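For reference, work.txt (compact mmCIF, N, CA and C atoms):
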# COMPACT_ATOMS: atom_id res chain seq x y z
N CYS A 1 106.83 82.17 91.76
CA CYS A 1 105.42 82.13 91.40
C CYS A 1 105.20 81.00 90.41
N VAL A 2 104.14 80.22 90.62
CA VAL A 2 103.82 79.07 89.78
C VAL A 2 102.50 79.28 89.03
N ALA A 3 101.40 79.46 89.77
CA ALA A 3 100.11 79.72 89.14
C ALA A 3 99.24 80.45 90.17
N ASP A 4 99.15 81.77 90.03
CA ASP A 4 98.37 82.60 90.95
C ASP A 4 98.74 82.30 92.40
N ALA A 5 100.00 81.96 92.64
CA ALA A 5 100.47 81.58 93.96
C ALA A 5 101.87 82.13 94.17
N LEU A 6 102.26 82.26 95.44
CA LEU A 6 103.56 82.79 95.82
C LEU A 6 104.23 81.80 96.76
N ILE A 7 105.32 81.20 96.31
CA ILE A 7 106.12 80.29 97.12
C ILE A 7 107.27 81.11 97.70
N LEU A 8 107.27 81.26 99.02
CA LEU A 8 108.30 82.00 99.74
C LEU A 8 109.12 81.00 100.54
N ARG A 9 110.38 80.81 100.15
CA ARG A 9 111.25 79.82 100.77
C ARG A 9 112.21 80.51 101.72
N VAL A 10 112.25 80.04 102.96
CA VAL A 10 113.19 80.53 103.97
C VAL A 10 114.07 79.36 104.39
N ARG A 11 115.38 79.56 104.30
CA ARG A 11 116.37 78.56 104.68
C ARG A 11 117.25 79.14 105.78
N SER A 12 117.42 78.39 106.86
CA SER A 12 118.15 78.87 108.02
C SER A 12 118.98 77.73 108.60
N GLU A 13 119.87 78.08 109.52
CA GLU A 13 120.68 77.11 110.25
C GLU A 13 120.43 77.29 111.74
N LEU A 14 119.92 76.23 112.38
CA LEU A 14 119.74 76.20 113.82
C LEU A 14 120.69 75.15 114.39
N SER A 15 121.55 75.57 115.32
CA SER A 15 122.54 74.68 115.93
C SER A 15 123.42 74.02 114.87
N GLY A 16 123.61 74.69 113.74
CA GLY A 16 124.44 74.15 112.68
C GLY A 16 123.79 73.05 111.86
N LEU A 17 122.47 73.09 111.69
CA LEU A 17 121.77 72.12 110.87
C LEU A 17 120.76 72.84 109.98
N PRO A 18 120.48 72.30 108.80
CA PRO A 18 119.55 72.97 107.89
C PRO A 18 118.13 73.02 108.44
N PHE A 19 117.40 74.06 108.04
CA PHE A 19 116.02 74.24 108.47
C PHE A 19 115.30 74.99 107.36
N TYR A 20 114.42 74.30 106.64
CA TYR A 20 113.73 74.85 105.48
C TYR A 20 112.25 75.02 105.79
N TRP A 21 111.67 76.12 105.31
CA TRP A 21 110.24 76.33 105.39
C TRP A 21 109.76 77.02 104.12
N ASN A 22 108.52 76.74 103.73
CA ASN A 22 107.94 77.27 102.51
C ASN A 22 106.53 77.78 102.80
N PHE A 23 106.31 79.06 102.54
CA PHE A 23 104.98 79.65 102.60
C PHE A 23 104.34 79.57 101.22
N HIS A 24 103.23 78.86 101.12
CA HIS A 24 102.50 78.71 99.86
C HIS A 24 101.33 79.69 99.80
N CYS A 25 101.68 80.98 99.79
CA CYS A 25 100.67 82.02 99.87
C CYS A 25 99.81 82.04 98.61
N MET A 26 98.53 82.36 98.79
CA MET A 26 97.57 82.46 97.70
C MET A 26 96.96 83.86 97.70
N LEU A 27 96.44 84.26 96.55
CA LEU A 27 95.88 85.60 96.42
C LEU A 27 94.81 85.83 97.47
N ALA A 28 94.90 86.96 98.16
CA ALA A 28 94.00 87.26 99.26
C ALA A 28 92.62 87.66 98.74
N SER A 29 91.61 87.41 99.56
CA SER A 29 90.25 87.76 99.19
C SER A 29 90.06 89.27 99.25
N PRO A 30 89.04 89.79 98.56
CA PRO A 30 88.81 91.25 98.60
C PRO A 30 88.60 91.78 100.00
N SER A 31 87.96 91.01 100.88
CA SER A 31 87.69 91.49 102.23
C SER A 31 88.99 91.73 103.00
N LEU A 32 89.91 90.76 102.95
CA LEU A 32 91.16 90.90 103.69
C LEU A 32 91.99 92.06 103.17
N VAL A 33 92.10 92.19 101.85
CA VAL A 33 92.90 93.26 101.27
C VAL A 33 92.34 94.61 101.70
N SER A 34 91.02 94.78 101.61
CA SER A 34 90.42 96.04 102.02
C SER A 34 90.67 96.30 103.50
N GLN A 35 90.33 95.34 104.36
CA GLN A 35 90.43 95.53 105.80
C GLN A 35 91.87 95.77 106.25
N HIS A 36 92.86 95.32 105.47
CA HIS A 36 94.25 95.46 105.88
C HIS A 36 94.97 96.62 105.22
N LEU A 37 94.47 97.15 104.11
CA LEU A 37 95.19 98.24 103.46
C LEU A 37 94.34 99.47 103.17
N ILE A 38 93.08 99.30 102.77
CA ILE A 38 92.32 100.42 102.23
C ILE A 38 91.79 101.30 103.35
N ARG A 39 90.95 100.74 104.22
CA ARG A 39 90.36 101.55 105.28
C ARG A 39 91.42 102.15 106.20
N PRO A 40 92.43 101.41 106.66
CA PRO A 40 93.48 102.06 107.47
C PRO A 40 94.15 103.22 106.77
N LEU A 41 94.39 103.11 105.46
CA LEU A 41 95.05 104.19 104.74
C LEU A 41 94.20 105.46 104.75
N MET A 42 92.90 105.32 104.50
CA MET A 42 92.01 106.47 104.56
C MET A 42 91.96 107.04 105.97
N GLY A 43 91.99 106.17 106.98
CA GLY A 43 92.05 106.65 108.35
C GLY A 43 93.27 107.52 108.60
N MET A 44 94.44 107.05 108.15
CA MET A 44 95.65 107.84 108.35
C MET A 44 95.57 109.16 107.58
N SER A 45 95.04 109.12 106.36
CA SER A 45 94.92 110.35 105.58
C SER A 45 94.04 111.37 106.29
N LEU A 46 92.90 110.92 106.81
CA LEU A 46 92.00 111.83 107.52
C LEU A 46 92.65 112.37 108.79
N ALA A 47 93.35 111.50 109.54
CA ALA A 47 94.01 111.96 110.75
C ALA A 47 95.07 113.01 110.43
N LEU A 48 95.84 112.79 109.36
CA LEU A 48 96.87 113.76 108.99
C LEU A 48 96.25 115.07 108.52
N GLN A 49 95.12 115.00 107.82
CA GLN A 49 94.42 116.22 107.44
C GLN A 49 93.97 117.00 108.67
N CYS A 50 93.44 116.30 109.67
CA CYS A 50 93.05 116.97 110.91
C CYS A 50 94.26 117.60 111.60
N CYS B 1 73.16 92.42 94.07
CA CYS B 1 74.21 91.44 93.82
C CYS B 1 73.59 90.05 93.91
N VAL B 2 73.98 89.17 92.99
CA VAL B 2 73.42 87.82 92.96
C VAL B 2 74.40 86.83 93.57
N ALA B 3 75.49 86.54 92.86
CA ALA B 3 76.51 85.63 93.36
C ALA B 3 77.84 86.34 93.59
N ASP B 4 78.36 87.04 92.59
CA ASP B 4 79.62 87.75 92.73
C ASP B 4 79.70 89.01 91.89
N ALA B 5 78.64 89.36 91.17
CA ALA B 5 78.61 90.53 90.30
C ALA B 5 77.67 91.58 90.89
N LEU B 6 77.87 92.82 90.48
CA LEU B 6 77.05 93.94 90.93
C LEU B 6 76.24 94.46 89.76
N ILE B 7 74.92 94.47 89.91
CA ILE B 7 74.02 95.07 88.94
C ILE B 7 73.58 96.41 89.50
N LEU B 8 73.97 97.49 88.82
CA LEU B 8 73.63 98.85 89.21
C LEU B 8 72.69 99.41 88.15
N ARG B 9 71.45 99.66 88.54
CA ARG B 9 70.40 100.09 87.63
C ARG B 9 70.16 101.59 87.79
N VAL B 10 70.25 102.31 86.68
CA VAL B 10 69.96 103.74 86.63
C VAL B 10 68.69 103.92 85.81
N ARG B 11 67.68 104.52 86.43
CA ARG B 11 66.40 104.78 85.78
C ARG B 11 66.15 106.28 85.78
N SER B 12 66.01 106.86 84.59
CA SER B 12 65.91 108.30 84.44
C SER B 12 64.80 108.66 83.47
N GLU B 13 64.34 109.90 83.58
CA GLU B 13 63.34 110.47 82.69
C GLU B 13 64.07 111.37 81.70
N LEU B 14 64.29 110.87 80.48
CA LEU B 14 64.99 111.60 79.44
C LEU B 14 64.00 112.53 78.74
N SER B 15 63.70 113.64 79.41
CA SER B 15 62.79 114.68 78.94
C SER B 15 61.34 114.21 78.90
N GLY B 16 61.03 113.05 79.47
CA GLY B 16 59.67 112.55 79.50
C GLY B 16 59.54 111.15 78.92
N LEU B 17 60.65 110.43 78.84
CA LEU B 17 60.69 109.10 78.27
C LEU B 17 61.60 108.23 79.12
N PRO B 18 61.44 106.91 79.06
CA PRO B 18 62.27 106.03 79.89
C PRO B 18 63.74 106.11 79.48
N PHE B 19 64.62 105.91 80.47
CA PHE B 19 66.04 105.75 80.19
C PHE B 19 66.58 104.78 81.24
N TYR B 20 66.72 103.51 80.85
CA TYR B 20 67.22 102.46 81.73
C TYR B 20 68.63 102.08 81.32
N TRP B 21 69.53 102.03 82.29
CA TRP B 21 70.87 101.51 82.07
C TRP B 21 71.21 100.55 83.20
N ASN B 22 72.00 99.52 82.88
CA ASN B 22 72.36 98.48 83.84
C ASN B 22 73.85 98.21 83.73
N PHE B 23 74.61 98.69 84.72
CA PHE B 23 76.02 98.35 84.82
C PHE B 23 76.15 96.96 85.44
N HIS B 24 76.79 96.05 84.71
CA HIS B 24 77.06 94.69 85.19
C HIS B 24 78.55 94.61 85.50
N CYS B 25 78.91 94.96 86.73
CA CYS B 25 80.30 95.10 87.13
C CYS B 25 80.79 93.83 87.81
N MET B 26 81.94 93.33 87.37
CA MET B 26 82.60 92.19 87.98
C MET B 26 83.66 92.66 88.97
N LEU B 27 84.20 91.71 89.72
CA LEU B 27 85.24 92.03 90.69
C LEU B 27 86.46 92.61 89.97
N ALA B 28 86.98 93.71 90.51
CA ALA B 28 88.16 94.34 89.93
C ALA B 28 89.39 93.49 90.19
N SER B 29 90.28 93.43 89.21
CA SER B 29 91.51 92.67 89.35
C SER B 29 92.43 93.34 90.37
N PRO B 30 93.37 92.59 90.93
CA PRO B 30 94.29 93.20 91.91
C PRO B 30 95.04 94.39 91.36
N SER B 31 95.38 94.39 90.07
CA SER B 31 96.11 95.51 89.49
C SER B 31 95.30 96.80 89.56
N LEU B 32 94.01 96.73 89.22
CA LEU B 32 93.17 97.92 89.24
C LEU B 32 93.05 98.48 90.65
N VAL B 33 92.83 97.61 91.64
CA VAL B 33 92.66 98.07 93.01
C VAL B 33 93.93 98.77 93.49
N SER B 34 95.09 98.15 93.26
CA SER B 34 96.34 98.76 93.68
C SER B 34 96.58 100.08 92.96
N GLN B 35 96.28 100.13 91.66
CA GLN B 35 96.51 101.35 90.90
C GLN B 35 95.63 102.49 91.38
N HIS B 36 94.38 102.20 91.73
CA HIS B 36 93.40 103.25 91.99
C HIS B 36 93.26 103.63 93.46
N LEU B 37 93.48 102.71 94.40
CA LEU B 37 93.23 102.98 95.81
C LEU B 37 94.48 102.89 96.66
N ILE B 38 95.23 101.79 96.58
CA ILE B 38 96.31 101.55 97.54
C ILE B 38 97.42 102.57 97.36
N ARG B 39 98.07 102.58 96.20
CA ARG B 39 99.22 103.46 96.00
C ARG B 39 98.85 104.93 96.13
N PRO B 40 97.77 105.43 95.52
CA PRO B 40 97.43 106.85 95.71
C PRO B 40 97.24 107.22 97.17
N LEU B 41 96.64 106.34 97.97
CA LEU B 41 96.44 106.65 99.38
C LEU B 41 97.76 106.73 100.12
N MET B 42 98.70 105.83 99.81
CA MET B 42 100.02 105.92 100.41
C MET B 42 100.71 107.22 100.04
N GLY B 43 100.61 107.62 98.77
CA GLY B 43 101.19 108.89 98.36
C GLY B 43 100.56 110.07 99.08
N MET B 44 99.24 110.04 99.24
CA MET B 44 98.56 111.11 99.96
C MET B 44 99.03 111.17 101.41
N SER B 45 99.17 110.02 102.06
CA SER B 45 99.63 110.00 103.44
C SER B 45 101.04 110.56 103.56
N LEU B 46 101.93 110.17 102.64
CA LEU B 46 103.29 110.69 102.68
C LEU B 46 103.31 112.20 102.46
N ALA B 47 102.50 112.69 101.50
CA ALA B 47 102.44 114.12 101.25
C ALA B 47 101.92 114.87 102.47
N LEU B 48 100.90 114.32 103.14
CA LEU B 48 100.36 114.97 104.32
C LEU B 48 101.37 114.98 105.46
N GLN B 49 102.16 113.91 105.59
CA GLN B 49 103.22 113.90 106.59
C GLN B 49 104.25 114.99 106.29
N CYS B 50 104.63 115.14 105.02
CA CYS B 50 105.55 116.21 104.65
C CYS B 50 104.96 117.58 104.97
N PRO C 1 88.26 78.98 119.63
CA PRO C 1 89.37 78.46 118.81
C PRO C 1 90.55 79.43 118.74
N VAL C 2 91.41 79.25 117.74
CA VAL C 2 92.59 80.09 117.57
C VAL C 2 92.59 80.86 116.26
N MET C 3 91.67 80.57 115.34
CA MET C 3 91.62 81.32 114.09
C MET C 3 91.33 82.79 114.34
N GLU C 4 90.38 83.08 115.24
CA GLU C 4 90.07 84.47 115.56
C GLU C 4 91.27 85.17 116.18
N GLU C 5 91.98 84.49 117.08
CA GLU C 5 93.16 85.09 117.69
C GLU C 5 94.23 85.37 116.64
N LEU C 6 94.44 84.43 115.72
CA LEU C 6 95.43 84.64 114.67
C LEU C 6 95.05 85.82 113.79
N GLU C 7 93.78 85.92 113.41
CA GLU C 7 93.33 87.03 112.58
C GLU C 7 93.52 88.36 113.30
N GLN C 8 93.14 88.42 114.58
CA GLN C 8 93.28 89.66 115.33
C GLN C 8 94.75 90.05 115.47
N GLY C 9 95.62 89.08 115.77
CA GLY C 9 97.03 89.39 115.88
C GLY C 9 97.63 89.87 114.57
N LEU C 10 97.25 89.24 113.46
CA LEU C 10 97.73 89.69 112.16
C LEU C 10 97.26 91.10 111.87
N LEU C 11 96.00 91.40 112.18
CA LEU C 11 95.47 92.74 111.92
C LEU C 11 96.21 93.78 112.75
N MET C 12 96.42 93.50 114.04
CA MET C 12 97.04 94.47 114.93
C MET C 12 98.51 94.70 114.62
N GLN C 13 99.18 93.75 113.98
CA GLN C 13 100.61 93.85 113.77
C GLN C 13 100.94 94.97 112.77
N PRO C 14 102.16 95.49 112.82
CA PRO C 14 102.58 96.48 111.82
C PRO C 14 103.25 95.83 110.61
N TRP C 15 103.36 96.62 109.55
CA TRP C 15 104.02 96.16 108.34
C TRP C 15 105.53 96.17 108.51
N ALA C 16 106.21 95.35 107.71
CA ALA C 16 107.66 95.26 107.73
C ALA C 16 108.16 95.13 106.30
N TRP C 17 109.44 95.43 106.10
CA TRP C 17 110.07 95.38 104.79
C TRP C 17 110.97 94.15 104.71
N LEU C 18 110.79 93.35 103.66
CA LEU C 18 111.59 92.15 103.44
C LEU C 18 112.35 92.30 102.13
N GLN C 19 113.66 92.09 102.19
CA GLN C 19 114.55 92.22 101.04
C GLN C 19 115.00 90.82 100.63
N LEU C 20 114.45 90.32 99.53
CA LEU C 20 114.74 88.97 99.06
C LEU C 20 115.99 89.01 98.18
N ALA C 21 116.24 87.92 97.45
CA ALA C 21 117.46 87.83 96.65
C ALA C 21 117.53 88.94 95.60
N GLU C 22 116.41 89.21 94.93
CA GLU C 22 116.39 90.19 93.84
C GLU C 22 115.36 91.29 94.01
N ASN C 23 114.31 91.08 94.82
CA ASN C 23 113.25 92.07 94.95
C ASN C 23 113.00 92.41 96.41
N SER C 24 111.93 93.16 96.68
CA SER C 24 111.54 93.50 98.03
C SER C 24 110.02 93.52 98.12
N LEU C 25 109.52 93.31 99.33
CA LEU C 25 108.08 93.29 99.55
C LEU C 25 107.76 93.74 100.97
N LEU C 26 106.47 93.93 101.22
CA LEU C 26 105.97 94.25 102.55
C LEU C 26 105.33 93.00 103.15
N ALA C 27 105.61 92.76 104.43
CA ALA C 27 105.23 91.52 105.09
C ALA C 27 104.58 91.82 106.44
N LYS C 28 103.73 90.88 106.86
CA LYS C 28 102.99 90.98 108.11
C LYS C 28 102.79 89.56 108.62
N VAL C 29 103.48 89.20 109.70
CA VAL C 29 103.48 87.83 110.21
C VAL C 29 103.04 87.82 111.66
N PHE C 30 102.21 86.84 112.02
CA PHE C 30 101.83 86.60 113.41
C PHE C 30 101.82 85.10 113.64
N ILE C 31 102.73 84.62 114.48
CA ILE C 31 102.92 83.19 114.72
C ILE C 31 102.60 82.91 116.18
N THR C 32 101.68 81.97 116.42
CA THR C 32 101.36 81.48 117.74
C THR C 32 101.59 79.97 117.77
N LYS C 33 101.59 79.41 118.98
CA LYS C 33 101.90 78.00 119.14
C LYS C 33 100.94 77.10 118.36
N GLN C 34 99.76 77.60 118.03
CA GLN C 34 98.76 76.82 117.32
C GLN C 34 98.75 77.06 115.81
N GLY C 35 99.66 77.86 115.29
CA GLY C 35 99.73 78.11 113.87
C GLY C 35 100.33 79.47 113.58
N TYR C 36 100.00 80.00 112.40
CA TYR C 36 100.47 81.34 112.05
C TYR C 36 99.62 81.90 110.92
N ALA C 37 99.76 83.21 110.72
CA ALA C 37 99.11 83.93 109.64
C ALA C 37 100.12 84.90 109.03
N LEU C 38 100.15 84.95 107.70
CA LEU C 38 101.11 85.75 106.96
C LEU C 38 100.39 86.50 105.85
N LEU C 39 100.79 87.75 105.64
CA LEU C 39 100.24 88.59 104.59
C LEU C 39 101.39 89.34 103.94
N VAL C 40 101.56 89.16 102.63
CA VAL C 40 102.65 89.78 101.90
C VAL C 40 102.08 90.55 100.72
N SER C 41 102.85 91.54 100.26
CA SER C 41 102.43 92.36 99.13
C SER C 41 103.66 92.97 98.48
N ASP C 42 103.49 93.37 97.22
CA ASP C 42 104.52 94.07 96.46
C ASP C 42 103.95 95.32 95.79
N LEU C 43 102.94 95.92 96.41
CA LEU C 43 102.26 97.13 95.94
C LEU C 43 101.52 96.92 94.63
N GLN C 44 101.40 95.68 94.16
CA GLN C 44 100.62 95.38 92.96
C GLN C 44 99.67 94.21 93.22
N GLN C 45 100.05 93.33 94.14
CA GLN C 45 99.23 92.17 94.48
C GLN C 45 99.43 91.85 95.96
N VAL C 46 98.45 91.16 96.53
CA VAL C 46 98.45 90.80 97.94
C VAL C 46 98.21 89.31 98.07
N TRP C 47 99.05 88.64 98.86
CA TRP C 47 98.90 87.22 99.15
C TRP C 47 98.76 87.03 100.66
N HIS C 48 98.04 85.97 101.04
CA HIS C 48 97.77 85.69 102.44
C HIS C 48 97.73 84.19 102.65
N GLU C 49 98.20 83.75 103.81
CA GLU C 49 98.20 82.33 104.16
C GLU C 49 98.04 82.18 105.66
N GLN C 50 97.02 81.44 106.08
CA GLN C 50 96.80 81.11 107.48
C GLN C 50 96.85 79.60 107.63
Let me see the file written as C-alpha cells.
Amino acid sequence: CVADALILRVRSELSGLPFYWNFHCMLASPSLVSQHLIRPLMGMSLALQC
Amino acid sequence: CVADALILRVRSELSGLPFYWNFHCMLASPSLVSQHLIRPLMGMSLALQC
Amino acid sequence: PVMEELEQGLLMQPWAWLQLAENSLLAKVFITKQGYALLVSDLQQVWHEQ
C-alpha cells in the first residue's frame, strides 16, 4: 500500500521465463461495494431464514 | 442531497412550538461500513447456516 | 462495448480466497480478451480495478 491504493504483484514463470504483473487497485466506490457485498448478504440471510 | 452529503431535516411540534433539526451526514468511511454492515451480515449468514 | 460485459462477469463470479506472503484476502477476478476486472477485500476495505 502506498497512498489509498493497493499494489498486488504477481510473479510467475511461463516456459521458464519471468512474467510480472501488477494490479494497481484503488478504493472502490460506494455503489460497487454495496452491489457486491451488502445486498447479496441480506439476500442470503433472508433465504436462510426462510 | 446536493453534491455528496445528505441533509436530513426533522420538523416536529415540541408541545406546540417549532423543533427543527438538520443532520448533515457525510459519506461513511470504509471502516464504518465494514464494521456495521458487512461483517455482521456474514456472521448472521454463518449462524443461520449452522 | 466490453465494459458492461466485464462488469456483469465480475458480478456473477464467486468469491475466492487468496493467501499472500503474510496475509490473506478475498478476491473476484473476471478476465476477457478485451481486458479484466478485479475486486479484492480484507473485510475492512474494498479495492477494485477495471
Report task. Using DSSP on the backbone, list every residue of chain A that comes out as alpha helix (DSSP H), and give them as a VMD selection string. Result -> chain A and resid 30 to 33 39 to 49
With N, CA and C atoms kept, could you save the residues just selected as an mmCIF file, keeping the file's coordinate frame?
data_model
loop_
_atom_site.group_PDB
_atom_site.id
_atom_site.type_symbol
_atom_site.label_atom_id
_atom_site.label_comp_id
_atom_site.auth_asym_id
_atom_site.auth_seq_id
_atom_site.Cartn_x
_atom_site.Cartn_y
_atom_site.Cartn_z
ATOM 1 N N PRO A 30 89.040 89.790 98.560
ATOM 2 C CA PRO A 30 88.810 91.250 98.600
ATOM 3 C C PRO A 30 88.600 91.780 100.000
ATOM 4 N N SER A 31 87.960 91.010 100.880
ATOM 5 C CA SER A 31 87.690 91.490 102.230
ATOM 6 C C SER A 31 88.990 91.730 103.000
ATOM 7 N N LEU A 32 89.910 90.760 102.950
ATOM 8 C CA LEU A 32 91.160 90.900 103.690
ATOM 9 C C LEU A 32 91.990 92.060 103.170
ATOM 10 N N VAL A 33 92.100 92.190 101.850
ATOM 11 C CA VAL A 33 92.900 93.260 101.270
ATOM 12 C C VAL A 33 92.340 94.610 101.700
ATOM 13 N N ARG A 39 90.950 100.740 104.220
ATOM 14 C CA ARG A 39 90.360 101.550 105.280
ATOM 15 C C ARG A 39 91.420 102.150 106.200
ATOM 16 N N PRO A 40 92.430 101.410 106.660
ATOM 17 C CA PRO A 40 93.480 102.060 107.470
ATOM 18 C C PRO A 40 94.150 103.220 106.770
ATOM 19 N N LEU A 41 94.390 103.110 105.460
ATOM 20 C CA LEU A 41 95.050 104.190 104.740
ATOM 21 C C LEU A 41 94.200 105.460 104.750
ATOM 22 N N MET A 42 92.900 105.320 104.500
ATOM 23 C CA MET A 42 92.010 106.470 104.560
ATOM 24 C C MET A 42 91.960 107.040 105.970
ATOM 25 N N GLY A 43 91.990 106.170 106.980
ATOM 26 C CA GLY A 43 92.050 106.650 108.350
ATOM 27 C C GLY A 43 93.270 107.520 108.600
ATOM 28 N N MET A 44 94.440 107.050 108.150
ATOM 29 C CA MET A 44 95.650 107.840 108.350
ATOM 30 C C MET A 44 95.570 109.160 107.580
ATOM 31 N N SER A 45 95.040 109.120 106.360
ATOM 32 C CA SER A 45 94.920 110.350 105.580
ATOM 33 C C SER A 45 94.040 111.370 106.290
ATOM 34 N N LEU A 46 92.900 110.920 106.810
ATOM 35 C CA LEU A 46 92.000 111.830 107.520
ATOM 36 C C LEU A 46 92.650 112.370 108.790
ATOM 37 N N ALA A 47 93.350 111.500 109.540
ATOM 38 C CA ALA A 47 94.010 111.960 110.750
ATOM 39 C C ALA A 47 95.070 113.010 110.430
ATOM 40 N N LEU A 48 95.840 112.790 109.360
ATOM 41 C CA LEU A 48 96.870 113.760 108.990
ATOM 42 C C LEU A 48 96.250 115.070 108.520
ATOM 43 N N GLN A 49 95.120 115.000 107.820
ATOM 44 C CA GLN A 49 94.420 116.220 107.440
ATOM 45 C C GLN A 49 93.970 117.000 108.670
#
Query - For residue 3 (chain A): contacts at 12 Å, only C-alpha atoms, fewer than 4 positions along chain excluded, given as a ChimeraX atom specification - result: /A:7,24-27
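Atom pair atom N of residue 10 (chain C) / CA of residue 37 (chain C) has a distance of 6.8 Å (rounded to one decimal).
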Report task. Dump as JSON, numbers by chain the residues of chain C that approach chain B to within 6 Å, counting only N, CA and C atoms. Result -> {"C": [43, 44, 45]}
Since we have the selection now, will you write its residues out, keeping N, CA and C atoms, as a CSV table (one decimal), in the coordinates of the input?
chain,number,residue,atom,x,y,z
C,43,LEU,N,102.9,95.9,96.4
C,43,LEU,CA,102.3,97.1,95.9
C,43,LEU,C,101.5,96.9,94.6
C,44,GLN,N,101.4,95.7,94.2
C,44,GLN,CA,100.6,95.4,93.0
C,44,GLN,C,99.7,94.2,93.2
C,45,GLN,N,100.0,93.3,94.1
C,45,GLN,CA,99.2,92.2,94.5
C,45,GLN,C,99.4,91.8,96.0
**Report entry** For CA of residue 20 (chain C) and atom N of residue 28 (chain A), the interatomic separation in Å (one decimal)
**Finding:** 20.0 Å
Report summary line: Pairwise distance, CA of residue 23 (chain B) with CA of residue 47 (chain C), equals 29.2 Å
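The chain A residues that come within 9 Å of chain B are residues 27, 30, 37, 38, 41, 42, 44, 45, 46, 48 and 49 of chain A, with only C-alpha atoms taken into account.
Residues of chain A that DSSP, applied to the backbone, places in strand (DSSP E): residues 5, 6, 7, 8, 9, 10, 11, 12, 13, 14, 17, 18, 19, 20, 21, 22, 23, 24, 25, 26 and 27 of chain A.
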Padding of 5 Å on every side, edges along x, y and z, all listed atoms of region 33-50 of chain B included: what centre and edge lengths in Å, to one decimal, does that box have, as JSON?
{"center_x": 99.1, "center_y": 107.6, "center_z": 98.7, "size_x": 22.9, "size_y": 30.0, "size_z": 25.7}
Quick one: region 19-32 of chain C with N, CA, C and O atoms, as a short mmCIF file (atom, residue, chain, number, x, y, z; two decimals), keeping the file's coordinate frame?
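Writing the result to part-v8.cif gives the following:
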data_model
loop_
_atom_site.label_atom_id
_atom_site.label_comp_id
_atom_site.auth_asym_id
_atom_site.auth_seq_id
_atom_site.Cartn_x
_atom_site.Cartn_y
_atom_site.Cartn_z
N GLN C 19 113.66 92.09 102.19
CA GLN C 19 114.55 92.22 101.04
C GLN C 19 115.00 90.82 100.63
O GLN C 19 115.83 90.21 101.31
N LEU C 20 114.45 90.32 99.53
CA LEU C 20 114.74 88.97 99.06
C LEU C 20 115.99 89.01 98.18
O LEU C 20 116.73 89.99 98.15
N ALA C 21 116.24 87.92 97.45
CA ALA C 21 117.46 87.83 96.65
C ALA C 21 117.53 88.94 95.60
O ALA C 21 118.58 89.54 95.41
N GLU C 22 116.41 89.21 94.93
CA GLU C 22 116.39 90.19 93.84
C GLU C 22 115.36 91.29 94.01
O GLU C 22 115.52 92.36 93.40
N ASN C 23 114.31 91.08 94.82
CA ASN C 23 113.25 92.07 94.95
C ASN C 23 113.00 92.41 96.41
O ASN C 23 113.77 92.02 97.29
N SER C 24 111.93 93.16 96.68
CA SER C 24 111.54 93.50 98.03
C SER C 24 110.02 93.52 98.12
O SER C 24 109.33 93.72 97.12
N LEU C 25 109.52 93.31 99.33
CA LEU C 25 108.08 93.29 99.55
C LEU C 25 107.76 93.74 100.97
O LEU C 25 108.66 93.94 101.80
N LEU C 26 106.47 93.93 101.22
CA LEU C 26 105.97 94.25 102.55
C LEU C 26 105.33 93.00 103.15
O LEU C 26 104.60 92.28 102.46
N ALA C 27 105.61 92.76 104.43
CA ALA C 27 105.23 91.52 105.09
C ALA C 27 104.58 91.82 106.44
O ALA C 27 104.83 92.85 107.07
N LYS C 28 103.73 90.88 106.86
CA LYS C 28 102.99 90.98 108.11
C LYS C 28 102.79 89.56 108.62
O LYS C 28 102.02 88.80 108.03
N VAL C 29 103.48 89.20 109.70
CA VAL C 29 103.48 87.83 110.21
C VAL C 29 103.04 87.82 111.66
O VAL C 29 103.43 88.70 112.45
N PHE C 30 102.21 86.84 112.02
CA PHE C 30 101.83 86.60 113.41
C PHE C 30 101.82 85.10 113.64
O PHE C 30 101.01 84.38 113.05
N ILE C 31 102.73 84.62 114.48
CA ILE C 31 102.92 83.19 114.72
C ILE C 31 102.60 82.91 116.18
O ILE C 31 103.18 83.53 117.08
N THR C 32 101.68 81.97 116.42
CA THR C 32 101.36 81.48 117.74
C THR C 32 101.59 79.97 117.77
O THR C 32 101.74 79.32 116.74
#
